[PDB]
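Engineer: I'd like to ask some things about the structure below.
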Amino acid sequence: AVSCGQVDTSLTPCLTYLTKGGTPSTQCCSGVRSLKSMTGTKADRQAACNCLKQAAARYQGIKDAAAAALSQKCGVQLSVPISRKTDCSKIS
């Protein structure tokens, strides 16, 4: 079980980067690592994906480019996309 509270809190330090781009903070990357360690089941990955979809929809300053590069720039293999347009049901 993962809540949007858990998911949104983990990426709270990433908002600077998500809205401006450049380089994520150490705490942002620690956040992305927390996200990966909490989404080991398909249910948790789909729940995470939905939470991050809803957050990207509400936070209008999020750059889609920055969202799609966040896991790559943190060195994290994160199996959850971050976009207001993703079909979260199609996630493995």
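Residue numbering restarts at 1 in every chain; chains get A, B, ... in the order shown in the structure tokens, and ligands count up from 1 in that same order.
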Name all residues at most 8 Å from residue 25 in chain A (count only C-alpha atoms; drop same-chain ones fewer than 3 positions away) and give them as a PyMOL selection string.
Structural biologist: chain A and resi 13-14+17+28-29
Engineer: How would the residues just chosen look if you wrote them out with N, CA and C atoms as a CSV table (one decimal), in the first residue's frame?
Structural biologist:
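Output file selection-v6.csv is given in full below:
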```csv
chain,number,residue,atom,x,y,z
A,13,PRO,N,10.9,17.7,-2.4
A,13,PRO,CA,12.1,18.5,-2.7
A,13,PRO,C,12.5,18.6,-4.1
A,14,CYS,N,11.8,17.9,-5.0
A,14,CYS,CA,12.0,17.9,-6.5
A,14,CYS,C,11.3,19.0,-7.2
A,17,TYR,N,13.3,21.6,-9.2
A,17,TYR,CA,13.8,21.0,-10.5
A,17,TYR,C,12.7,20.7,-11.4
A,28,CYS,N,16.2,15.7,-3.3
A,28,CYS,CA,15.3,15.3,-4.4
A,28,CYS,C,15.7,13.9,-4.8
A,29,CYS,N,16.9,13.6,-5.2
A,29,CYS,CA,17.3,12.2,-5.6
A,29,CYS,C,17.1,11.2,-4.4
```
Engineer: Using only C-alpha atoms, which protein or nucleic acid residues come within 7 Å of range 33-37 of chain A? Drop anything in the same chain fewer than 3 positions from it, and give the result as a PyMOL selection string.
Structural biologist: chain A and resi 7+10+29-30+40+76+78
Engineer: Looking at A:32, A:15, A:4, A:91, which one is nearest to residue 73 in chain A, with distances taken over only C-alpha atoms?
Structural biologist: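 Residue with the minimum atom-to-atom distance to residue 73 in chain A: A:32.
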Engineer: Could you tell me, as a PyMOL selection string, which residues of chain A DSSP assigns to alpha helix (DSSP H) when given the backbone?
Structural biologist: chain A and resi 4-10+15-20+26-38+42-58+64-74
Engineer: Here is a test: counting only C-alpha atoms, which residue of A:65, A:55, A:49, A:70 is nearest to residue 87 in chain A?
Structural biologist: A:49
Engineer: Considering only C-alpha atoms, state which residue in the set A:39, A:89, A:51, A:26 is at the smallest distance from residue 75 in chain A.
Structural biologist: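 Among A:39, A:89, A:51, A:26, it is A:26 that comes nearest to residue 75 in chain A.
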Engineer: From the set A:50, A:60, A:71, A:3, which residue has the shortest atom-to-atom contact distance to residue 31 in chain A, counting only C-alpha atoms?
Structural biologist: A:71
Engineer: Write out as a list in words the residues lying within 7 Å of residue 84 in chain A, counting only C-alpha atoms and excluding same-chain residues fewer than 3 positions away.
Structural biologist: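 The contact residues come out as residues 53, 54, 56 and 57 of chain A.
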Engineer: Could you take the residues named above and write them with N, CA, C and O atoms, as a compact mmCIF listing (two decimals), in the first residue's frame?
Structural biologist:
```txt
# COMPACT_ATOMS: atom_id res chain seq x y z
N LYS A 53 0.44 11.53 -11.56
CA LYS A 53 -0.45 12.06 -12.60
C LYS A 53 -1.28 13.21 -12.03
O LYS A 53 -1.39 14.24 -12.67
N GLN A 54 -1.96 12.96 -10.92
CA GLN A 54 -2.84 13.95 -10.25
C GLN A 54 -1.98 15.16 -9.84
O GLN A 54 -2.47 16.29 -10.01
N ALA A 56 1.01 16.27 -11.16
CA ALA A 56 1.40 16.95 -12.42
C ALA A 56 0.21 17.76 -12.98
O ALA A 56 0.41 18.87 -13.46
N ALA A 57 -1.02 17.24 -12.90
CA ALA A 57 -2.24 17.97 -13.32
C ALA A 57 -2.46 19.22 -12.44
O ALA A 57 -2.81 20.29 -13.01
```
Engineer: Would you pick out the contacts of residue 88 in chain A at 12 Å or less, using only C-alpha atoms, so that residues sharing its chain but fewer than 5 positions from it are not included, and give the list as JSON, numbers by chain?
Structural biologist: {"A": [42, 43, 44, 45, 46, 47, 48, 49, 50, 51, 52, 53, 54, 79, 80, 81, 82, 83]}
Engineer: Which residue out of A:41, A:16, A:86, A:92 has the minimum interatomic distance to residue 66 in chain A when only C-alpha atoms are used?
Structural biologist: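 Smallest distance to residue 66 in chain A is found for A:16.
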Engineer: So how far away is CA of residue 72 in chain A from CA of residue 23 in chain A, in Å?
Structural biologist: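 Between CA of residue 23 in chain A and CA of residue 72 in chain A the gap is 10.9 Å.
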Engineer: Quick one: of A:58, A:74, A:38, A:6, who's nearest to residue 22 in chain A, counting only C-alpha atoms?
Structural biologist: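 Result for the nearest residue to residue 22 in chain A: A:74.
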